[PDB]
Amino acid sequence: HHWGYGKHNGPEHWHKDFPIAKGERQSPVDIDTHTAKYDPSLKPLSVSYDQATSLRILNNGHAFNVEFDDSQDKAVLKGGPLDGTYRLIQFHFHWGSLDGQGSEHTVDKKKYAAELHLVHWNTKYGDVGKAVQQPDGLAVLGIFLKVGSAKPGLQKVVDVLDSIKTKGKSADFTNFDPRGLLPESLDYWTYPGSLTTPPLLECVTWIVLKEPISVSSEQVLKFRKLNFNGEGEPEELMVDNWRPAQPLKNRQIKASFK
């Protein structure tokens, strides 16, 4: 019935209900490093997450989201290719069933184990609902994850997963600091795109960090034990919740470094 990542309702079927899937600025895309244009007029990114307020973690089928209180300018994103202030509303991951796949964006065709999306909306629009009606409504910060050493800042997330194993389940998740998930460098690529899951609205400025973070094998293993299904229903492991790379069409990927 509803969309999913299975053979019968996966990405290749999304176009039947969501015509925009075959639009002009769809995401994710493949980042060809030898073609990205170094743009010196790009300002440095300004991430202010010191006053962030996490509230809850939930399994909504598809993936698990950590939600923040965005009633005020608490955790914001400015600078880079952005014009205005963007508020953090939530973060989630996309991962695979094996370590060699899981990320949505690819670099020179290279797939990573997973990808973290920190979702923000443009404050000049009032609420997120109005923001998704504008070409510059959202800004998503994407971070790649590779299997290596453990990431301390991620463990608090890994520990609570058991309590939200099935669809619709949530758990209180306060006092989490998203700063613990950032790589050392803030160098990035950027291009105009869209949400990667239905309704696939093209209202996103994508900012993809060049430097990936490392997460241990055991940390990623716990992501893989979640369920797409709700309590009582037959078990379907939540793995490979990622959309394949889409054609770039008439867009240019700019780089803040060289």
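One-based numbering along the sequence shown.
In this entry, 177-185 shows the higher mean Cα temperature factor of the pair 88-96 and 177-185. In this entry, 158-166 shows the higher mean Cα temperature factor of the pair 113-121 and 158-166.
Comparing C-alpha B-factors across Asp172, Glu104, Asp108, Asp136 in the deposited entry, the largest value falls on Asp172. When the C-alpha B factors of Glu211, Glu67, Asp30, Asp39 are read from the deposited coordinates, the top value falls at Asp39. The entry lists a Cα temperature factor for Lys249 that places it in the highest third of the chain's modelled residues. Annotation for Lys16: CA B-factor lies in the middle third of the chain's modelled residues. In this PDB entry, the Cα temperature factor of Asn229 sits in the top third of its chain's modelled residues, the highest group. The entry lists a Cα temperature factor for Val132 that places it in the middle third of the chain's modelled residues. Remark: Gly142 belongs to the lowest third of its chain, ranked by C-alpha B-factor as recorded.
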